[PDB]
Amino acid sequence: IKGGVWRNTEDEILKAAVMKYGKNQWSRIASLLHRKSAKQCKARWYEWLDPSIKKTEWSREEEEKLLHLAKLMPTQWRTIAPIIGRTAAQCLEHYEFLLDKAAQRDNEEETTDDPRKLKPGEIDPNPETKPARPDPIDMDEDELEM
Amino acid sequence: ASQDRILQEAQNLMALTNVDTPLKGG
Amino acid sequence: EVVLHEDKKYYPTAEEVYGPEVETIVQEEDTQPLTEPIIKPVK
Amino acid sequence: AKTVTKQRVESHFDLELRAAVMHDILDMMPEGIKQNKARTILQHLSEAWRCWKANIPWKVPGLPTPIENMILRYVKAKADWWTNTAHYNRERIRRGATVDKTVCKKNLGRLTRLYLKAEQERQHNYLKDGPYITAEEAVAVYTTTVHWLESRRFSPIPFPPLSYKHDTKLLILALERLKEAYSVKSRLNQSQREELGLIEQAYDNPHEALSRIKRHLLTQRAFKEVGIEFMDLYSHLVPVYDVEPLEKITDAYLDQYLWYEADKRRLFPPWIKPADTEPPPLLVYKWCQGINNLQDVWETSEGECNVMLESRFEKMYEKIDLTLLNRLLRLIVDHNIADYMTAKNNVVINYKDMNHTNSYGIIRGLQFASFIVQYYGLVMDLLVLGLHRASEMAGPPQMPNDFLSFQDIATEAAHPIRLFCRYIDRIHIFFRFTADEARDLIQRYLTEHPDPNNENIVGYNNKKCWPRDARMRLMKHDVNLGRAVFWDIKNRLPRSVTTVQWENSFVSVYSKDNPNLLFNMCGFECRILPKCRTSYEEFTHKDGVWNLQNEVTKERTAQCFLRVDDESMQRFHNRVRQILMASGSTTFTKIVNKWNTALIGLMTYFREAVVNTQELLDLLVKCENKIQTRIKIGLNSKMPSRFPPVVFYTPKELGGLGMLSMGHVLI
Amino acid sequence: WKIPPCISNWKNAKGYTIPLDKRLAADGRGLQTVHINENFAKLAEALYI
Amino acid sequence: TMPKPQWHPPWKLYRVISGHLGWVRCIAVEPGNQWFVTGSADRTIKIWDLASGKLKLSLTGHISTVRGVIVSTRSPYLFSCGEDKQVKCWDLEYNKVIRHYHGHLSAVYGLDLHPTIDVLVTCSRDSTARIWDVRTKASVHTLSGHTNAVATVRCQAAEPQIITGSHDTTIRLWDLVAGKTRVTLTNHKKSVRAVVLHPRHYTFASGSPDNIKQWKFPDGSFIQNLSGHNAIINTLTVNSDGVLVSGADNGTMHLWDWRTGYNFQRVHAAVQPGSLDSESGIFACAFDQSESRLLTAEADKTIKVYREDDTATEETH
Amino acid sequence: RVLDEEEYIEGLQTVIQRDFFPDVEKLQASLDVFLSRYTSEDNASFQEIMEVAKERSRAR
Amino acid sequence: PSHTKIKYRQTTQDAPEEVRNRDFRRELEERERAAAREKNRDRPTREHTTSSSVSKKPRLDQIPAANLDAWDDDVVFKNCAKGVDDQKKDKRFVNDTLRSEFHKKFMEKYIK
RNA sequence: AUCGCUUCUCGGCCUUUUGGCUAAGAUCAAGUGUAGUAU
């Protein structure tokens, strides 16, 4: 597989490679990390590893500004994401989160419907937005040579 | 209660997004 | 008040900055062709 | 003292820039300064230049303003040199001057940076200025579409069912028109090999992909960045977009689904003309004989005029407000599809260092962009035509009319607009005005725009392709009428939505003083002359003219004389110029296949339009002789002639090049 | 008249390692703060009703 | 104030000509006062009409920035020099380059014609000044001895016939017959970019960012220090009435009395509308033959034309 | 004039019926002027936050 | 060897002897006076000439007028382009190569 | 209080250090088998 899920080992080399090469040399960083292309490596930085991402909890003034802008420019998340200062993935998910709480508590029990909206046995389209696997104890020949 | 305006605003958004198109009877 | 990007105005007019007593002249095009010389030969 | 001839130019200038800045930094420093850090100031200049090309705002936190003011000057100085050289080189490339593949590659690389800098400005302005479409005009546009669709009794396109047995067929068609992009070569990069992997899996297990596509529509709203790059046609540049394969496979299916269902529903009325059953030259044929079948159309006894307007919806794609578009799409499709389609346009465009969020318009490179353009076009057709007339052109929902017919002769006469079609953005309208109606419409125009100076006759677009006795006479009545029609049409359309321009539109008036009306429908142009007028003979000299009957009596009533458009000629010439570049050109059979493919691309499209266009036949002879000389140089030969023609024209099965001939050469 | 040293977002000709805090501190693109004209709220509440 | 200055009328802008697409680096007036050349970093030479301000004729042949332009007073020729390393003769009867004078190793920053012997002298950044015979296009002398870029050259018939200031802060007075330095004046702390000879009094002035100094020929005796214009000054020109004009790289322009060094007017003109506030700057200024118009070549790509306030005197002191 | 969001929608509602869909009243049985004069309280609150957000960035 | 003969300025080619007899102040002022007057005077001459053509139109139109024999109401938008006078954009010179009127027309032509 | 020697911390010198430009100069990918060199 080329791409796939992100582990902890690749993330530490990815930080260190931006020190050497900068944020405008992505094919020199991706020559240092096999089974990952430069397009994927760029996306992984800009959406879960740039420290400017406010990974903390949503406050009340953030939610109030979210709900307005979601009404104000329907579905156009990328136009909203620099304004509220969060990743668009986080922006969409939290909006989906807020809707789910209000509708469920007012009408429904714990689940009621579709227990497996989750997708087992298939690839995720965007695992750059997902947290990292830890590093296995027995690192293979590929990772140690890397 | 209406003091929790976020709960009122979230409810309004749900009603506005999911409605099926005017050319079929609502 | 609505303005289109294709009609937006970014800078003052030349007469406004210099003021009325100063002439302004703008010249994109030569008034005579390259064949017609400056110092006319004695014909 | 070796000269700065040509290849030395750019490296020389960048020396002289840095050498000049060295003088200033020595002079500007106070005389007690540490006699160093000159090299540090220069490196800030090199950084400020790079930030300018990348459109990043350059700012140093603690830099002192005498240095900063100097650098901000010289960056602008270099920018003025850099931009003007892009202008100069492009005006050479268009006219066909001496050029090389290096400067063509470089100049394209400059122009695409200059485009994006303007584009980032434009998108940023939209958020700051607020939406140019007013909250009252938008509601008007929306309400119009609602009443239209209700009148047609349109049944909304549902979300595609699980048991929808056509789905597998639509999937196969989607994948096939994806794989056709890769017929060119076996040399693939990483992203392209991944695409073929995903395609093969979809063939091997359709019920996998169909579940994954449907899961995308219901849930996915944030998409990855798309590349941009430009196809260089010399005369202009065309954007090309690169979309990540997993998104592309879903979009391709969705495009196939939407067009199938919309056809079945009969969404699009018949005037939306790139149609499955009609090649573009057949469109022009049905258009010409469409004109001639109108009642009384050539009569001038009372003083009737016919007016033909050609125009473009100038910047249609670039303006489309996504917030409006989302609600418009929701009238057709299931909302989940509408949300997907809208969101998919709000993506980060990327080219090297340069990135910005697109948010004010559609992306032409998306697989379903052709759907959006025609539906949005349909919204604006209703603006131009009005609800009432558009219902008569399309006819009753039980029994819709075809392309250019009406229920009754009586319904033709009810309104000036007798014929309408829209190609993509190009508009064609045909008006029939009675004696009194033409006068009143002129007066309104002159009331807004009085002309005692007789300026109206000056800036009137006319076509030089035809003799002085054939092109439009600028009679004062006809000119005033022609402008006034265009003014009326232009008023119908809000400038926030779209616009029409006099510089690019064309108007032609049939009148008691002008017997010919010109127009230029698709790639080729023509003029119609009725036989009761200036011809007075049933000529048959060229095969390049259509005799066309009145459908009732089968009498010939007019002649249509074809010619190729000046633009279409230039298109072909640049394609020949493009062939004469590259280094694979030394392989003789790789050239002659490109020549043959180009030549049949012209001839089999235009057919009898070619022979009447004597200007273009001379170009064909020129282009043929050039490529034959290219073969000769591959065998040296140079100036000494008498080279035998047999090697070119002998068919490939006998081992010749198989060149197709379009000139009077002789053995 | 001290000059803050240049640390590019690009070239690094002698291959040196530069710490991220120097490499990422492009302050000039952060200060701009995007803002939305209120007239959207007129539009977006017109169509919605 | 020990001396009493002669009163001079203040100058006022009346005509902003525009139409170049780069920095206007040079200006020169034709001897019959009908037209004037400019040369620019748009790589063109534009003949402008001096009265109407109409653009007469645009000339094309250079490959890079035009740095110096001069109209020949005896012959119908238009000598121009650039960063191309090329120095060209434009025969105005045909508007074509007939003779171009190769030989320089690097950029040519300025040029001047000797008024009586029809000889071209040019400055270069390569620390050399070359002397050219017009007719034969041959290098007569290579004046070497500066250590840095030679900025400005002026010629006169009386000895010393050639004066050069340069970026090494020294001014060298050359013997044209020998080709060797006569006097080396080091009194400037920073680059001499401008030198001007007074038309009647046998004295010359030199400009550098520290101070403008008036010096006496032939031996270069120090006369007066004229202080007050503290910017990088690019050009100096003098009217026979004793009006000295100092135009700077920061666009400040001071009007000075030659006899006393009195600063009677400071002129800070405004930038062309779209331009940027640091772009303001003066690279060349020249009086016409009438000595009643001041043609200044600006860094915001404009030509500003000034004339004199005809009113009676209040401004004097 | 800042209006409460419920009150704002009500006033807007009445206007649209008259101008664009006059038969709605029968079935049950200007716009630019209105929008220029009245704003929802939510819209007002958003503007306030945006001003404070600019100030916080400036203070940083 | 090329152009081995110095061309010298003749009498009618602004010879220095004529330049020695200068009254350039009078000559320059006279030329500027004349040019300013004439350039302004050009405008009424046009109107004067157009006045002849304007007068010719009633006479001409009378000959067809002599008795020789012896729908917009259903468009939702009105007057959207009322008062767009194009005459003011092309007269503005802007010293910015990206916002220059030349560059805008350039992009519209070459990028479609 | 002053001077000298030896640990221990810090400031200024430490630009003594990134020695250009063009289309971020351009492009982006791998597996198996045999002969020569070295241990």
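Here Swiss-Prot sets the residue numbers for chain A, with the shown residues being 6-151 in order.
Determination method: electron microscopy, 3.5 Å.
A Cβ is built for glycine as well, from the same backbone N, Cα and C atoms used for every other residue.
Swiss-Prot annotations:
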- A:31-54: DNA-binding region (DNA_BIND)
- A:57-108: domain 'HTH myb-type 2' (DOMAIN)
- A:82-104: DNA-binding region (DNA_BIND)
- A:108-143: region 'Disordered' (REGION)
- A:118-127: compositional bias 'Basic and acidic residues' (COMPBIAS)
- A:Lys135: SUMO2 cross-link (CROSSLNK)
Chain-internal residues, separated by at least six, CB under 8 A from A:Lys135 (SUMO2 cross-link): A:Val10, A:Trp11, A:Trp53, A:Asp129
Contact set, same chain, for the DNA-binding region (A:31-54): CB under 8 Å, 6 or more residues outside the stretch: 6-9, 11, 15-16, 18-20, 22-23, 92, 94, 133-136, 147, 151
Number of helical, extended and coil residues in the region 'Disordered' (A:108-143), per DSSP: 8 helix, 1 strand, 27 coil
Composition by DSSP (helix, strand, coil) of residues within the DNA-binding region (A:82-104): 20 helix, 0 strand, 3 coil
Secondary structure content, the DNA-binding region (A:31-54) (per DSSP, counts of residues): 16 helix, 0 strand, 8 coil
